[PDB]
Every structure is written in C-alpha cells, then in structure tokens.
*Asks:* 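One structure follows; several queries about it will come next.
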Amino acid sequence: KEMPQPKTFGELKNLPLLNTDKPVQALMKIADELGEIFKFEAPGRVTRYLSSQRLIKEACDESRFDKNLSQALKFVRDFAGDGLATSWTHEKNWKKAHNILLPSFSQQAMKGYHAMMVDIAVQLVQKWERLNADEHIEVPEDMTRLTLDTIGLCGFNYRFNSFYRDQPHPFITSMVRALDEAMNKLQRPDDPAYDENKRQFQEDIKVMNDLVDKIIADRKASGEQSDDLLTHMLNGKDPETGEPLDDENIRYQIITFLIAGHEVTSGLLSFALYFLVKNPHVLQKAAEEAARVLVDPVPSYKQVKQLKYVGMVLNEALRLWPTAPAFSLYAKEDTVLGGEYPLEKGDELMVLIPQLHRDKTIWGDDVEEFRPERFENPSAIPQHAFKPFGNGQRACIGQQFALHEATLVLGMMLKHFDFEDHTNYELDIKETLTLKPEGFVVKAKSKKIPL
Amino acid sequence: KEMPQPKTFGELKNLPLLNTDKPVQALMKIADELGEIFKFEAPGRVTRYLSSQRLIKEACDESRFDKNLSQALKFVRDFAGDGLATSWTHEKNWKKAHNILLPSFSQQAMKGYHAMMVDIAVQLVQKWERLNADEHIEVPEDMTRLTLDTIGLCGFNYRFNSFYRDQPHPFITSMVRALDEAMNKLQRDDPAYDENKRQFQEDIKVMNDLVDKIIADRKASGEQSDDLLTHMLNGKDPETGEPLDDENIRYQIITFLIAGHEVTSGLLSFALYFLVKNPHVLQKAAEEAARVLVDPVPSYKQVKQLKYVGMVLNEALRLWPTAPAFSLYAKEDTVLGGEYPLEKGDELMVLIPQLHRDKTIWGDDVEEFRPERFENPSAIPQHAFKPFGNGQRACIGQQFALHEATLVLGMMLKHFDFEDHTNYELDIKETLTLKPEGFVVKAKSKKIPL
Ligand code: HEM
Ligand code: HEM
Ligand SMILES: O=C(CCCNc1ccncc1)N[C@@H](Cc1ccccc1)C(=O)O
Ligand SMILES: O=C(CCCNc1ccncc1)N[C@@H](Cc1ccccc1)C(=O)O
Ligand SMILES: *N[C@@H](Cc1ccccc1)C(=O)O
Ligand SMILES: *N[C@@H](Cc1ccccc1)C(=O)O
C-alpha cells in the first residue's frame, strides 16, 4: 500500500538522483533496493517507476492507461514536433500519420527497403575488410554510421556518407547536440549560464529543419519517386480523414525516424556484438547459421528471414539492454494498480524496461546470463514480459525495420569475420536518450569471402 | 543424390519391415546401415527418415516444412479428434486451442499445478515406504500410475486413484487398447479384423462418454478449479474471440491423457534406469536432492533448483526420447542438404533417437549417460536435441512434463537408495512410445519423514 521512495534532497526531492551520467542504471539500482514500484518526485513532478511484469502488464492495459510524454519526450518534441514518437494519442496528427505510415513499416514493406539496407551494410563490411592488421574496430561508432546512413537512405533517399567521414554530416552534429541538450535539461534551475545552451539549441533546430525542408521541397519540385518513406508520405492519404500529411509534419516524421531510430538500433547491434564476443559458444552457433543461410555474395530478403538464431541473439540483447530503456503512461481514469496502489486520473507511470526484463519470476534465476535459447520458441514468453519496443498502438512503428536491419547486418558481420575481444573490454554503458556500450572495440579477422 | 532404401518385399515394398514388435529400434538399425537419410515405401506411402542434425536442422525450418500427421497420428486422430496433437496447423481448432491453452501450460502456470503434482508424488513415495523387505518395485508400472493420476488431477480434477488399483480405471483400459489398435494397424483389413474394429469403436465410446460426462458435470456444478478444464470452459481465443466448444474440449482432455502420460512415465523409468546403471551419476543427483529438498514437501521454487536432476532427465531424453519420431511435409519445392530435391507435399520422418546419437554433435561417447552434456544449452548446436518436437508444433506439455518428472525424481532420490537387484537387461517395449519393459528395482528407505 505505502509506496517506497529513494533518498531525497530537501526541496529538490529526488531530482538530484538524475544528476548523474548513468541515470537508467541508477534507477535500476534503486529498483533493486526498493522493488517492483517506487515513487519518484521532482519539483512540480510525481511519477512511479514500475519493474515487475505483474504491474507492467496492468499498465499496458490500453483501456486503463495511455502513452504519456515523459519530460525527455517533451524536450525532444521541441525538434521532433508532432511526429509519431512525441505526439499525444489524441492529437489529430498521431492517428493520421499512424494510419499513413503503418503500411510503410510492415514486414512486407521491408522487401522494398532491403536493397538500400544492403547498400550501407556492404559499405560497413568493406570498411572492415580494408582495415590493416592490428587495427581495431570502434563498434558503436561504426554501427551508428550504418544506422544513420540506412535511415537516411530508406527515409528520404539522402546519403549522409558517414563512412567517408571522421566528422559527421552537419545535420548529424546538430541532431546529436540537440539530443544532448534535451537530456541535459532533465538533470538541470535554468539560470543565465544556460543562455549559450539555449542559443545553440535553436541553431541546431534550424540546421535540421533547413536540410529536411529543403529535401522535401526538392522532391516535390522534381516529382521523383523512390523506394523511400518520403515518397510514401508525399503520396499517402489517411483513410480516416482522407488527408495527406502536410509538409511540416512530414519534416517532423523524417526528423523522428533519424532521432528515434538510429541510436536504439546502433546500440542493439553494439550490445549484440558485445555479448557475442563475451559468449563464444553463442558466437559459434550464430556464425554457423550465417554461413549456412547467407550462401550468396549479397543477402536476399528471404535469406535474412531465415536467420532465426541471429534474431534470438538480437532479442536476448534487447532483453538485457533494451536500448530505449523506458516509456511513460498516464491513468485515463481513477484506477487501482495491482490491487494495492490506487491511482487518480492523470497520474503518471514509468516502465523501467531493463528491470522488467530481469523479473526472476518470469525469466528464472539466471536473468543476468546471455542465453539466446530463451527465445528459441517465442510462445514461451508471457504477455508483457518482453517490451523493448513499447506497448500497444503506441509501440515502435519501426520494429520490423530495426530487426530486419540488425539481422541483416549482424548476419553479414558473422559471415565475413572472426572477432577478437582483444582488450577484454569491460562493459561501460553510456547513456543519452538511449543506451550503448561506450568504448567497445574489437579486432576482425576476415574469412576472405567475396561480396 | 540417390537416396538409400532398405530391403524390399516385392509389392509390399518396405512395409513388412514394420511387422515387428520394436519398429523404432528396427528403424534405428536401418539408419546405422544406410546413414542420415533413407527412403521408406509402403503401398500408397512414401517417406524419408532423417537421422543427422545436418538434415534435421533444415527440416525444422518452419518456412519450408510444416507438421504432417504420420499414419500413427492419423489413426490416433480417430479418438483424439482435432485435439492439439492430431490436428493440422491449418485447422481452425489448432491455432484456437493453441492460443487458449498456451498460458495454462507456461512455466508460470506450473506454480498452480504444483500442489496437485505433490499430492500424487507423495502417494508414490508412500507406496514405496510401505513395501515389505525384499519386495520390489515395478518401475514403469508405478511411473504410469503417477503420470496418469497427475494429468487426471491437473487436467480435470479427476482422481483415477491408480495407486488403489491392480486393474486400471475403465477409461485407461480403453485408452490403452485404442492406442494398441492404432499402432497395430500400421504393421497390418481382411474380415479377421472385424473384432478389432468393433472393439476399437467400443473403446472410443468409453472414452467419449466419460470425458463428456465430466465436462457436463463441471458445467452443471459451476465450480472453478486450478485445472485445465476450468481454463478451457472460461478461456477465449484472443484472435477469433471464440472459446473452444465442448467437443474440442473433450478431444483436448483425451489428448492430454494419451499424449502426456506415456511419454512422461517412460522418461521417469528411463531416467531411473540410467541412474541405477551409473552409480556415480546417481550419487551426484541424490546429493543435489538432499541439499535442495530441505522441507517435508518440495516447493515450486525448490524443484526449479534441481538443476542436475533436470540434466539427468534431458540426458535420458537424449538416449531414449519417449516420443520417438515426428513427421513433416514440404510446404513448397525445396532442396534438402543441397542434394535431396523434394517436391511440395513430400513427407519426412525425424528419427529422434538416431538424431540424438549423431557423433558429429555429441562426440564419440554418444552411448554414455552423461548429464553434464546439458550444462550449457548454448554449447549445443541448433536442432541437435528435439525430444519435444519443433517450433509452434512443439510439445505444449514440455514444462508440465519436466516439472512433474523433476519433482518426482527429486523426491525419489531424496527418500530412497536404489538397488538394481536383478542386474536388469534393458528391453524397450514399443507402443506409440518407448519404455523399459520389466524394469524392477529395490528401494531402501532413508527414513526421512514427509
Ligand atoms: C532496436 C531498435 C529500436 C528500439 C529498441 C525502439 C524502441 C521504441 C520504443 C520503446 C518506443 C515507444 C516509446 C514510448 O512509448 O514512449 C518506440 C516508438 C517509436 N519508434 Fe522505435 N525503436 C527502435 C527502432 C526504431 C526505428 C528503426 C524507427 C524508424 C525508422 C523507430 C521509430 C519509432 C517511432 C516513430 C515511434 C513512435 C510510434 C508511435 O507512437 O506511433 N524506432 N520505439
Ligand atoms: C517427456 C514427456 C513428453 C514428451 C517426450 C513429449 C513429446 C512430444 C513431441 C515430440 C511432440 C511433437 C509431436 C509431433 O510433432 O507430431 C509433442 C506434442 C504435444 N504434446 Fe507432448 N510430450 C511429453 C509430455 C506431454 C504432456 C505431459 C502433455 C500434456 C499434459 C503433452 C501434450 C502434447 C500436446 C498437446 C502436443 C501437441 C501440441 C501442438 O501440436 O499444438 N505432452 N509432445
Ligand atoms: O524515459 C526515458 C526516455 C526513454 C527513451 N525513449 C525512446 C527512445 C527511442 N525512441 C522512442 C522512445 N528515460 C528515462 C531514464 C532517464 C534518462 C535520462 C535522465 C533521467 C532518466 C526516464 O526516467 O525519463
Ligand atoms: O512417428 C511415430 C509416432 C511418434 C509418436 N508421436 C507422439 C508421441 C507422443 N505425443 C505426441 C506425438 N512412430 C514412428 C515409428 C513407428 C512406430 C510404429 C510402427 C512403425 C514405426 C513412425 O515412423 O511412424
Ligand atoms: N525519463 C524520465 C526522467 C525524469 C523523471 C522525473 C523527473 C524528471 C525526469 C523523464 O523523462 O520524465
Ligand atoms: N511412424 C510411421 C510408421 C509408418 C511408416 C510408413 C508407412 C506406414 C507407417 C507412421 O506412423 O507413419
């Protein structure tokens, strides 16, 4: 009945607990001490962090709870606008864009993106083939180069050409810095010293809008059709309203795809490769499948679907380190959570996904072990025990994109190289809007298989 | 490219090879001679028996192969109906019952069945505690009493009371006799089988009448239990929104008893056989049982901690998987192993005991009983170990079977020392399943109270 709460800081309540560079990991440690639910207070803010499948399955009841914009999402909305991820469910543009974009993200739609995904994946493999002996790979850096370029190409047929660069494309520099500012504001008491941050934030917003608005304008003037999301958004109409997306919302969707999609996906690939080199038996089983299935120089769409064990590796990586580590909900009406926590209408909840995925009552005692065999039969996973892509109608629209992209790339990586954990890398998880293993490096010895 | 085939008998092709009391062991011997794949033909039938992990890992690709009803399953369907085990994947009632029943067979659902499993397990232990000196245990007989009573209690809150009986409950007599007729039909319709046909229909009626009565009795009473019948009367398929009808519920209950009891009792009997044949392994398992089972009654959490007992059971399943085969058909034209082209509809049989003896997977000591092989599931190649079938058509009862077997074997190892007093020679009887016929032991109580 009485809800636990972590240590407080006088008038600041729990807010200084987030004044740390690893807030998700701090919140996981708090959940370890306090259990399946704890209250978190800040000035003008009250929320409750959920960690058990028992309570989270109730929070995922869409008749009782709807998606809430966390403070992180509210600050990201300053440049993601009313794109899909930072829209409220009741805003006209959410359901409108949802209806228009859902067919463009289906499993069937991945067939049309596959060639562009292979384009960037080949660039990654060729980069690694061209490294000299005893040179090493900066894993999250290269994975981010790949995910950003892949979403740029599939999103609006634009090449950031990240594998030709040390310094990222100016758009990416502003995007990353806009994301940093949004997350930094959370742990912030906005005195005059943050005036430089505010000025830079508006400059980065303009850089992103200008490039995306220019590409939309360029595409409309040309009239060209590609296999990208931009073409689908220029031509698609919402069956409900009968309306197409306007040019401003299309810009916010493109910005959203880059922001919401690139970092979670590169983090997944980096964590998956980390767990593979830390678990050689798993790596051998995954590499066997990649060699058996990927019999052609370029993987086909159908071949990627056959990489079953690679998909199990990826899901187990998402279980331990879900790269989008939380989502937020609010009570649609007064309701009682778990039969003992009464909530009033509007009360907020946070789903702490890494803790959910460590619920021993669901996964057993070996929760911290990396065992892709947990996912050998998907039906053995209880409802709402595994939520790396969120919940319900507000779940990740990019889920099939992310998993096709990650399965393809990890498959090709395992087909073409043996990997050495040459530094015995100590896992260090950097936190931004997402999670990723900072400083993860490996050596790749080519199997000398041509492309 | 050219597929081997065992000796033929003119117009009967390979069919007389199955006119034997141990057809699985005969098929294993054929695989020893012919290798990883051989064609098997009978009048109006062609199939291919697979024995290597190399080919079986491809056969387990659900995008290329779906479950086929073998001739055995087709004959079992005459009384199991469109229950889960004898339905095609494309039948509406398969996916419907699958969606409804899957939560009631989960690892989490075992917590609710645990008390009823303990009920029957205690009856088994008490029977053995009450034996006189120099009396012995008939192991497969007692294990079958246990598993049948456990599924009756957890399935529909019915007590067959097998430990109070010499002659089985009438339902069991008809069920066993219907299974025997189904398997006998394989190796076989002249006028002489008219008695078999008449008896077969009588046993079907006995099974339907009792199960239909229990369903009707439950609906009339309205009482709720922690059994599968209650879940089926109240559950609705999330996809269609429909509940199972009373006829299908009857087929599911019949299926649980037919598909679950004999495989599970065979596993326990084989596991105890291997334990008494391997005293060092027995001691390690008994050491774990004493360390873990510190209470008079095992808890659910304690059974989950019987790690080595679980490895013992898995190794018993490796050597003698009590459901010895499953059947598949090619969804489209496809090439198996890069050298065996198959047409759409072509049939495959997975010979599980041979798969589990693939030296390229397990090493040269394939015939040795070493539970330590299963210490790390990630070290086992894909599809090397298939005692519970494959994919969405895998055994829905896997968690039920392993929980019951771990609980019961744990209690057996806690409470008794076992003597292989006859130096028993393994003799595997074949029905629909496999079990060690005539396996007997003596149990000396450790005098630990319940
Ligand atoms: C491993 C990769 C990914 C993970 C773990 C992930 C995770 C998530 C999560 C947890 C949510 C729900 C957020 C909330 O409820 O507040 C979400 C929503 C969303 N994601 Fe992803 N995501 C991934 C990849 C992608 C990709 C590749 C794209 C697009 C190219 C994408 C686009 C979106 C969008 C648009 C939404 C909002 C959908 C809506 O509310 O209508 N994501 N994602
Ligand atoms: C050691 C014990 C057991 C073993 C080795 C075993 C083995 C198997 C195998 C190999 C299959 C797949 C058959 C095929 O593909 O044709 C299967 C399916 C099935 N088993 Fe078991 N089983 C065991 C225990 C149980 C129990 C205790 C139950 C129920 C109480 C059960 C119910 C079922 C059902 C319903 C199916 C069909 C599932 C479906 O197709 O949807 N089994 N079993
Ligand atoms: O809730 C969040 C934001 C989670 C990121 N969500 C997302 C990513 C990608 N795509 C869609 C959605 N974070 C937690 C943890 C946190 C982070 C930073 C500071 C404090 C706390 C939160 O509690 O807000
Ligand atoms: O394929 C079979 C039947 C396998 C039993 N399947 C099963 C058991 C329990 N639960 C679900 C499913 N048998 C083999 C071997 C055989 C037996 C009898 C006669 C001939 C051959 C087969 O090839 O048919
Ligand atoms: N991810 C949470 C973190 C937070 C909680 C409470 C106050 C401020 C920030 C969010 O973005 O809301
Ligand atoms: N288990 C097999 C046995 C069989 C093979 C070939 C012809 C008839 C029977 C089956 O049940 O189909």
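The figures here come from the full heavy-atom set of this structure, side chains too, leaving out hydrogens, waters and symmetry mates. Each ligand, and each atom within it, is numbered from 1 in the order the structure gives. Convention: sequence-line order gives letters A, B, ...; per-chain numbering from 1.
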*Asks:* Ignoring hydrogens, just give me the one of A259(B), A26(B), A85(B) whose non-hydrogen atom is nearest atom 10 (N) of ligand 4.
*Replies:* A259(B)

*Asks:* Side chain or backbone of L351(B) under 4.0 Å from ligand 4, or both, or neither, by non-hydrogen atoms?
*Replies:* neither

*Asks:* Less than 4.0 Å between a side-chain N and a carboxylate O, is that true for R177(B) and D180(B)?
*Replies:* no

*Asks:* Counting from 1, what ligand 6 atoms have a heavy atom of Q71(B) closer than 4.0 Å?
*Replies:* 10 (C), 11 (O), 12 (O)

*Asks:* Using a strict 4.0 Å threshold on nitrogen-to-oxygen distance, state whether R188(B) and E181(B) make a salt bridge.
*Replies:*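 Salt bridge between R188(B) and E181(B), a charged N being under 4.0 Å from a carboxylate O: yes.
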
*Asks:* Return the CD1 to CG distance between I396(B) and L84(B), rounded to the nearest 0.5 Å.
*Replies:* 5.0 Å

*Asks:* Hey, is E242(B) close enough to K96(B) for a salt bridge, meaning N to O under 4.0 Å?
*Replies:* yes

*Asks:* Answer yes if the ring centres of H98(B) and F105(B) are under 6.0 angstrom apart, and no otherwise.
*Replies:* no

*Asks:* Which N, O or S atoms belonging to the protein are less than 2.8 Å from atom 21 (Fe) of ligand 2?
*Replies:* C395(B) SG

*Asks:* Evaluate whether atom CD of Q383(A) has more than 12 neighbouring non-hydrogen atoms of other residues, nucleotides or ligands under 6.0 angstrom away.
*Replies:*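 For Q383(A), atom CD is not crowded (no more than 12 foreign heavy atoms under 6.0 Å).
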
*Asks:* At under 4.0 Å between heavy atoms, is it the side chain or the backbone of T147(B) that contacts ligand 2, or both, or neither?
*Replies:*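 Neither; nothing of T147(B) gets under 4.0 Å from ligand 2.
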
*Asks:* Heavy-atom contacts under 4.0 Å between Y49(B) and ligand 4: side chain, backbone, both, or neither?
*Replies:* side chain

*Asks:* Measuring from atom CD1 of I214(B) to atom CZ of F171(B), what distance do you get when rounded to the nearest 0.5 angstrom?
*Replies:* 10.5 Å

*Asks:* Under a 4.5 Å cut-off applied to non-hydrogen side-chain atoms, are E437(B) and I428(B) in contact?
*Replies:*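 A side-chain contact under 4.5 Å is absent here.
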
*Asks:* Tell me, please, which residues at least two apart from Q302(B) pass side chain to side chain contact (heavy atoms under 4.5 Å, CB included).
*Replies:*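 Expected list: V292(B), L293(B), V294(B), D295(B), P298(B), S299(B).
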
*Asks:* Could you tell me whether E239(B) and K95(B) have a side-chain N and a carboxylate O separated by less than 4.0 Å?
*Replies:* no

*Asks:* In this structure, does ligand 2 have an atom that sits under 4.0 Å from one of the heavy atoms of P321(B)?
*Replies:*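 Contact check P321(B) vs ligand 2: negative.
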
*Asks:* May I ask you to say whether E62(B) pairs ionically with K331(B), meaning some side-chain N is under 4.0 Å from a carboxylate O?
*Replies:*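 Answer for the salt bridge query: no.
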
*Asks:* Before signing off on this row, confirm whether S327(B) and ligand 2 have an N or O atom pair separated by under 3.5 Å.
*Replies:* no

*Asks:* With a 4.0 Å cut-off on heavy atoms, does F326(B) reach ligand 6?
*Replies:* no

*Asks:* Would you kindly specify which portion of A325(B) sits under 4.0 Å from ligand 4, judged on non-hydrogen atoms: side chain, backbone, both or neither?
*Replies:* both

*Asks:* Counting neighbours of NZ on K429(B) that are heavy atoms of other residues, nucleotides or ligands and sit closer than 6.0 Å, is the number greater than 12?
*Replies:* no

*Asks:* Please check whether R45(B) reaches ligand 6 - meaning an N/O of the residue sits under 3.5 Å from an N/O of the ligand, judged on distance alone.
*Replies:*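 It does: an N or O of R45(B) is found under 3.5 Å from an N or O of ligand 6.
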
*Asks:* Which atoms of ligand 6 sit under 4.0 Å from any heavy atom of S70(B)?
*Replies:*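 The atoms of ligand 6 under 4.0 Å from a heavy atom of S70(B) are 10 (C), 11 (O), 12 (O).
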
*Asks:* What protein heavy atom lies closest to atom 30 (C) of ligand 2? Include the residue and the distance to one decimal.
*Replies:* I151(B) CD1, 3.6 Å

*Asks:* Report the member of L186(B), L18(B), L17(B) with the shortest heavy-atom distance to atom 4 (C) of ligand 6.
*Replies:* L18(B)

*Asks:* Where on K67(B) is there a heavy atom closer than 4.0 Å to ligand 2, on the side chain, on the backbone, on both, or on neither?
*Replies:*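 It is the side chain that gets close, since no backbone atom is under 4.0 Å.
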
*Asks:* Looking at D119(B) and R159(B), is there a salt bridge between them, counting it only when a charged N and a carboxylate O are closer than 4.0 Å?
*Replies:* yes

*Asks:* Write out the residue and atom name of the closest protein heavy atom to atom 38 (C) of ligand 2, then the distance separating them to 0.1 Å.
*Replies:*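 Protein heavy atom with the smallest distance to atom 38 (C) of ligand 2: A394(B) O, 3.5 Å.
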
*Asks:* Answer with side chain, backbone, both or neither: which part of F75(B) has a heavy atom less than 4.0 angstrom from an atom of ligand 6?
*Replies:*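 For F75(B), there is no contact with ligand 6 at all, from either part.
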
*Asks:* Which bit of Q71(B) gets closer than 4.0 Å to ligand 4, counting heavy atoms only: side chain, backbone, both or neither?
*Replies:* neither

